[PDB]
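An overview of the molecular structure
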There are 2 protein chains.
Amino acid sequence: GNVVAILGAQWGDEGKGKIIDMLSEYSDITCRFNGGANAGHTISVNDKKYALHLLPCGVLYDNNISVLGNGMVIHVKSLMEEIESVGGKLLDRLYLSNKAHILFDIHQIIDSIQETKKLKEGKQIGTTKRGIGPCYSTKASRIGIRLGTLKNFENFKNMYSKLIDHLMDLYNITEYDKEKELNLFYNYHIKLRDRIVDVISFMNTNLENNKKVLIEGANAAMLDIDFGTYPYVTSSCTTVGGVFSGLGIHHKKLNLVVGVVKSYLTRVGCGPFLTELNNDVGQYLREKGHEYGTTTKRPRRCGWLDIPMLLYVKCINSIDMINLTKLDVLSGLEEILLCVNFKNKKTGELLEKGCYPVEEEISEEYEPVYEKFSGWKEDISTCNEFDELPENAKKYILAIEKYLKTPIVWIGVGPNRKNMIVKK
Amino acid sequence: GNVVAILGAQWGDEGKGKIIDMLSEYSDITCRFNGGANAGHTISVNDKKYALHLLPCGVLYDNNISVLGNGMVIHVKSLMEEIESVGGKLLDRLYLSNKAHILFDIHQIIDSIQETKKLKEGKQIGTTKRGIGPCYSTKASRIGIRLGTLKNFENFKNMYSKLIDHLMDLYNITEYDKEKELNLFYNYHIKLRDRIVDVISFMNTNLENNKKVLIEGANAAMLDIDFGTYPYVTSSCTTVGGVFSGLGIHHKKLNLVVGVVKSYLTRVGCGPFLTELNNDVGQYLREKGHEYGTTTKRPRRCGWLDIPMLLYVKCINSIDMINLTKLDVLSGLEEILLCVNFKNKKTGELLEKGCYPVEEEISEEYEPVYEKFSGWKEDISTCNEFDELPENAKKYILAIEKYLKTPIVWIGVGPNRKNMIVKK
Ligand SMILES: Nc1nc2c(ncn2[C@@H]2O[C@H](COP(=O)(O)OP(=O)(O)O)[C@@H](O)[C@H]2O)c(=O)[nH]1
Ligand SMILES: Nc1nc2c(ncn2[C@@H]2O[C@H](COP(=O)(O)OP(=O)(O)O)[C@@H](O)[C@H]2O)c(=O)[nH]1
Ligand SMILES: O=P(O)(O)OC[C@H]1O[C@@H](n2cnc3c(OP(=O)(O)O)ncnc32)[C@H](O)[C@@H]1O
Ligand SMILES: O=P(O)(O)OC[C@H]1O[C@@H](n2cnc3c(OP(=O)(O)O)ncnc32)[C@H](O)[C@@H]1O
Ligand SMILES: O=CN(O)CC(=O)O
Ligand SMILES: O=CN(O)CC(=O)O
Ligand SMILES: [Mg+2]
Ligand SMILES: [Mg+2]
């Protein structure tokens, strides 16, 4: 338990920021390794909420060290804002990978241009419009500018101009205020240059010094560029392989993987959602659990828990233990449905376990098979122990553990750091 | 040793195809998981050479199963050619990921367009012009077409047209024969559709059935999009994290990692090369070891072995054992230089161990520090045992093991499958 990875097993917003903040009480380093500001991780202490998009969620601890890995696409403008918002001496314990890619405002513009075009074609992805996809695209084309370059403003200014001019031409972006963004980056250069370091060595050194590292996942498994519901996914690797490729440490350094699983499902953006509840039950889940995008404020689509999805994710990420979150939101429902299988509406055959119809046109052929679970009316946000929970909640929890053959260690019963039940 | 990954630790062409073919004698499945046809893996049996670019190098065994993972960008046209070239009943044991991206001819066109533009700017990468970068770019933008779609020709044809029209407009490609490529893909559809399957489940099932899996790396660590000498790198993850993200299996499934290290260095394409020998010694290495691109036929740049590079790669990929290749090529040199450190020419300070100046402008400031090793004149391509090798060769080998704190298990003394010494 010296090197722990927290990975969402669904379509994000499973409660990653919450467990990171909680576990950061006993961790030395907390790292982000993929995506960028599309991520929205909410921390809540005594009901005072804090939302992070680029900095890891261990920032509330004066001693915690924040690390942004090489696998990220960083909107430096947003980064600076979060840094100053945290304040204190955060900079003295901030380590920004000199290999991470810089996400400029033009990346966001292209993101919107692409989405606008697709909207007219009726195939928009519903991205967060934070320019994530376009930044990973320039990374692939290898014209993206990485953080290390920002350490030398002279060289940076020159490279910056060429990338922007190239992109403006490529996407016909007629006007972009290069002078304004450039001057802003000078400020970024001044305040961040000494914090742009070799995270590879920093990680190896600290691991050798027996430091405890918390790896914060962004987005989630079903949004993985490769394994998610393509094209309705993010453009980075959000799965376990990404912990190594996005941070610069090898597989033997990872001690365990915590899968963050919400008691019910949500996804925000377009794409398939087999157990989607576009009715009053969905409204109940969204309102009681206030399911609105931490980043875009968009209303999240809600639905029932999906077991086949989790078996698929277990194959991909491996899951040592589960953090079952927002169980408290299900309080009040007379019945809870658990999707334990998918049946093909055309052939009548059941979907093979471990398989998942990620493709929109294949998903369409499946019908969910539900197991009925009696609900509970008690407010469980006050429960401190597993045994204190009403019986019907226990059965739900136990049923989940059984089907996934994975232990549920942390039960979430509220957005606050304290609202967590530990199942010894 | 049930699940083994073979990863090049330098800039490719370390002899991966050779060890894959060798080890495939005792493996059930051999998988490719990254890149595409930019890779050129040479197999040699009784001096008859075979070069693969997309199919794994286990194809010479009538019982071996070939797997192409989700993380690849596949030029289907080239794939079909290699399939038919192998012949036999290869199709009955070919498993193509339905998640892998299809690389069209237009991807190659864009690759050349981009390189031509950069050439005029004096910053060409020197890509293999196989359209790899542009295909990973369309993957990131999520408009790329994946193999699964090819199973339904009706749907494929329609999606194909839209991607090509979009790209033609984007890059002003005025003429592209859509009808010709389309009709060719119909043929691909017919002969490959039933082989386009769920590799995720196939892998999990076979691993559960105790099948022995060989994971064939493409390109190499120093060409890794994140960890390599950016922008002079390939656009896929060529490191260990990529084995998981490109194949759909988790980190606990990997039993060991073999690092393929050439006795000297080569790289083909532009970019930094600290120990480069652009002189007669370089010519000796290139001619004796016939260092010409397996894919492009371009002459490979040659230089001395680089220890700091390997310590860096060990941090990234982890190395359980090393396959030191082409030691036979060094026969005849009066002296062999091993780069054991890098000294900053400006400050006079030594580069920290485990660190590597990947950036062109930072690399420029370093000077290699060499350790002199006496050479040997004997032809060692006949040596069958480690003890049979001349003493000076042993010292070189032993010196390498010592500095990397990693055992050298397989010594290559010839291009043929048999030309391998096992160091018990
Ligand atoms: N009621 C309730 N809310 C929770 C619980 N855990 C987290 N939340 C809240 O649920 C929301 C999840 O959204 P978000 O923070 O974007 O998820 P993340 O991306 O995984 O960090 C946040 O507003 C959290 O404060 C829980 O156990 N119960
Ligand atoms: N002399 C010699 N040649 C070798 C040895 N191992 C491999 N080769 C040859 O070296 C070349 C390496 O190029 P390539 O096949 O592209 O490397 P790969 O990408 O790692 O498979 C090939 O032509 C091999 O046949 C060895 O031990 N000695
Ligand atoms: O190109 P993008 O901007 O990444 O959009 C692609 C798709 O992915 C969704 N998405 C991306 N990051 C997400 C997130 O992250 P966290 O759990 O870390 O807070 N939580 C929920 N949904 C998320 C977007 O809504 C869209 O459908
Ligand atoms: O966009 P790309 O076409 O990938 O080019 C980017 C850079 O990477 C090099 N390169 C790519 N794959 C390579 C390879 O693979 P294997 O060891 O698998 O045979 N061996 C050697 N060099 C290789 C190219 O020459 C270029 O410098
Ligand atoms: O927490 C982030 N999301 O839920 C995504 C969004 O806000 O769109
Ligand atoms: O084996 C492939 N290479 O060496 C790359 C090339 O041919 O350019
Ligand atoms: Mg979120
Ligand atoms: Mg090669």
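Residues numbered from 1 in each chain as written, not as in the entry; some residues may be left out. Chains lettered and ligands numbered in written order. Heavy atoms only, no water. Residues with missing side-chain atoms left out of burial classes, pairs and counts.

1. A few points about the overall build of chain A
Within chain A one finds 12 helices and 19 strands. Over its C-alpha atoms chain A spans a radius of gyration of 22 Å, differing by no more than 12% from the 22 Å that the globule rule assigns to 424 residues. Contacts in chain A between residues at least 24 apart in sequence constitute 76% of all its contacts with a sequence separation of at least 6. (Helix = DSSP H or I, 4+ residues; strand = E, 2+ residues; numbered from the N terminus. Rg over C-alpha atoms; globule rule 2.2 N^0.38 Å. Contact = heavy atoms within 4.5 Å.)

2. Quick word on the UniProt feature "binding site: substrate" in chain A
Residues and elements named next belong to chain A. Those places that UniProt annotates as "binding site: substrate" correspond, in this numbering, to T294, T295, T296, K297, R298, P299 and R300. By the element assignment, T294 lies in the loop between α9 (280-288) and β13 (301-303). Overall, the relative accessible area of 24% leaves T294 in the partly exposed class. Ignoring sequence-local partners within four residues, the contact set of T294 consists of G40, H41, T42, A51, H53 and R300. Engagement of the side chain of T294 in a polar contact is seen with the side chain of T42, the distance being 3.3 Å. (UniProt positions renumbered as here; feature names shortened; annotations may be inferred. Buried < 20%, exposed > 50% of the residue type's maximum accessible area, 1.4 Å probe, protein only. Polar contact = N/O pair within 3.5 Å; in protein donor to acceptor, adjacent residues only side chain to side chain.)

3. Notes on the sheet that holds strand β16 (residues 335-344) of chain B
Within a sheet, adjacent strands bond to each other through the backbone by hydrogen bonds, running parallel or antiparallel. Taken in spatial order, the three strands of this open sheet run β14-β16-β17 (chain B), and their pairing is mixed. Both outer strands of the open sheet, β14 (305-306) and β17 (366-374) of chain B, are each paired with one neighbouring strand and no more. (Pairing = 2+ DSSP bridges.)

4. Side note on the coordination of the magnesium ion (ligand 7)
Residues and elements named next belong to chain A. The coordination sphere of the magnesium ion (ligand 7) contains the protein donors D13 (OD) and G40 (O), at a distance range of 2.2 to 2.3 Å. Geometry at the magnesium ion (ligand 7) is octahedral, judged from the six donor atoms that bind it and their angles of 75 to 166° at the metal. Note that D13 is positioned in the loop between β1 (3-8) and α1 (16-23) and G40 in the loop between β2 (29-32) and β3 (41-45), a separation of 27 residues in sequence. Accessibility expressed as a relative area gives 22% for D13, which makes it partly exposed. Residue classification places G40 among the buried positions, given a relative accessible area of 12%. (Donors = N, O, S within 2.8 Å, 3.2 Å for Na, K, Ca; no water. Tetrahedral: all angles 85-135°; square planar, octahedral: opposite > 155°, others 65-115°.)

5. Comments concerning the interface of chain A and chain B
Listed as interface residues are 63 residues of chain A and, on the opposing side, 63 residues of chain B. Together chain A and chain B conceal approximately 4800 Å² of surface at their shared face, both sides included; 55% is due to carbon and sulfur atoms. On the chain A side of the contact with chain B, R142, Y230 and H251 of chain A bury the most area, a combined 17% of that side's loss. A salt bridge links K139 of chain B to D226 of chain A, with the shortest nitrogen-to-oxygen separation between them at 2.8 Å. Counting across the interface, chain A meets chain B through 18 residue pairs in polar contact. Breaking the side of chain A that touches chain B down by element, the ones donating at least two residues are α3 (105-120), α4 (132-140), α5 (153-170), α7 (199-208), α8 (240-245) and α10 (307-317) of chain A. Per-element tally for the side of chain A that touches chain B: the top contributor is α4 of chain A, with six residues. Taken together, the residues that form the side of chain A that touches chain B break down as 22 nonpolar, 26 polar and 15 charged. (Buried area = accessible area lost by both parts, 1.4 Å probe. Salt bridge = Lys/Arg side-chain N within 4 Å of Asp/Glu carboxyl O. Nonpolar A, V, L, I, M, F, W, Y, C, P; charged D, E, K, R; others polar.)

6. Looking at the coordination of the magnesium ion (ligand 8)
At this site the magnesium ion (ligand 8) is bound by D13 of chain B (OD) and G40 of chain B (O), with donor distances of 2.2 to 2.3 Å. Between the six donor atoms coordinating the magnesium ion (ligand 8), the angles at the centre fall across 75 to 166°, so the site counts as octahedral.

7. So, unusual backbone geometry
Leave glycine aside and you will find that most residues have negative phi; peptide bonds, for their part, are mostly trans. That bond from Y230 of chain A to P231 of chain A is cis: its omega, 0°, falls within 30 degrees of zero. Here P231 of chain A is to be found in the loop between β10 (213-216) and α8. Positive phi, normally seen in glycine, also occurs at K129 of chain A, with a value near 60°. By secondary structure assignment, the location of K129 of chain A is in the loop between α3 and α4. One non-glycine residue, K405 of chain B, lies in positive phi territory at about 55°. With respect to the element layout, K405 of chain B can be found in the loop between α12 (391-404) and β18 (408-412). The exposed category is assigned to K405 of chain B, whose relative accessible area is 75%.

8. Here we look at the site of ligand 5
All names here are of chain A. The immediate surroundings of ligand 5 are formed by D13, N38, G40, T128, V268, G293, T294, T295, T296, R298 and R300. Separating an oxygen atom of ligand 5 from a side-chain N or O atom of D13 is a distance of 2.7 Å. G40 places a polar main-chain atom, nitrogen or oxygen, 3.1 Å from an oxygen atom of ligand 5. Considered on its own, ligand 5 offers 250 Å² of accessible surface; in the complex 95% of this is hidden by protein. Partitioning the shell around ligand 5 into residue classes produces one nonpolar, seven polar and three charged. Residue contributions to the shell around ligand 5 reach at least three from each of two domains, namely domain 1 (1-97 + 196-260) and domain 3 (261-424). (Near = heavy atom within 4 Å. Areas by Shrake-Rupley, 256 points an atom, 1.4 Å probe, with all protein chains shown as cover. Domains from an automatic or database assignment.)

9. As for the relation of the copies chain A and chain B
Rotating chain A by 180° and translating it 0.0 Å along the rotation axis places it on chain B, where the RMSD comes to 0.0 Å. The two molecules are tied by a two-fold rotation axis, judged by turn and shift. Residue by residue, 100% of the interface of chain A is reproduced at the interface of chain B, so both copies engage with the same surface. (Least-squares fit on C-alpha atoms.)

10. Describing the sheet that holds strand β11 (residues 256-262) of chain A
Residues and elements named next belong to chain A. Spatially, the 10 strands line up as an open sheet ordered β9-β7-β5-β2-β10-β1-β11-β15-β18-β19, and their pairing is mixed. A strand with exactly one partner marks an edge of an open sheet, and here the two such strands are β9 (196-197) and β19 (420-422). Relative to strand β5 (residues 65-68), β2 is paired through four bridges, and the arrangement is parallel. Within β5, the residue paired with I29 across the bridge is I65.

11. Observations regarding the site of ligand 3
Taken together, 20 residues are adjacent to ligand 3, and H41, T128, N219, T234 and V268 of chain A come closest. Residues within reach of ligand 3 are spread across chains A and B. A distance of 2.8 Å separates an oxygen atom of ligand 3 from a polar backbone atom of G40 of chain A. The side chain of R298 of chain A places a nitrogen or oxygen atom 2.8 Å from an oxygen atom of ligand 3.

12. Section: the environment of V258 of chain B
Checked against the element boundaries, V258 of chain B lands in strand β11 (residues 256-262). Residues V258 of chain B and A9 of chain B lie 249 residues apart in sequence; the distance between their C-alpha atoms is 9.4 Å.

13. Digging into the packing of aromatic side chains
Residues and elements named next belong to chain A. The tally for this structure, following the rule as stated, stands at 27 aromatic pairs over all chains. When the centroid spacing of 5.4 Å and the interplanar angle of 70° are considered together, the rings of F104 and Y160 count as edge-to-face. With a gap of 56 residues between them, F104 in the loop between β8 (101-102) and α3 and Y160 in helix α5 connect regions that are remote in the sequence. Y160 sits in the buried class, given a relative accessible area of 0%. (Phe/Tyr/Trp six-rings, centres within 6.5 Å; stacked < 30°, edge-to-face > 60°.)

14. Quick look at the side chain of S27 of chain B
Residue and element names in this part refer to chain B. Inspection of the secondary structure assignment puts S27 in the loop between α1 (16-23) and β2 (29-32). A relative accessible area of 17% places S27 in the buried class. At 3.1 Å, the side chain of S27 and the backbone oxygen of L23 are in polar contact.

15. Considering helix α10 (residues 307-317) of chain B
Residues and elements named next belong to chain B. Summarising burial for α10: 10 of the 11 residues are buried, a large majority. Among all positions of α10, only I307, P308, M309, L310, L311, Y312, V313, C315, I316 and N317 are buried. Sitting at the amino-terminal end of α10 is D306, which places a side-chain oxygen 2.8 Å from the backbone nitrogen of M309. Residue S318 follows α10 closely and has a positive phi angle near 75°.

16. With respect to the domain arrangement of chain A
All names here are of chain A. Annotation of chain A at the domain level lists domain 1 (1-97 + 196-260), domain 2 (98-195) and domain 3 (261-424). Look at where the C-alpha atoms of domain 2 and domain 3 centre, and you get two points 37 Å apart. Tallying the contact residues gives six residues for domain 2 and five residues for domain 3. Buried area between domain 2 and domain 3, both sides added, is near 400 Å², and the carbon and sulfur share of it is 50%. Of all residues in domain 2, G126, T128 and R130 give up the largest surface area on contact with domain 3, accounting jointly for 66% of the area buried on that side. Where domain 2 touches domain 3, the interface holds zero salt bridges. The residue inventory of the side of domain 2 that touches domain 3, partitioned by class, reads one nonpolar, four polar and one charged.

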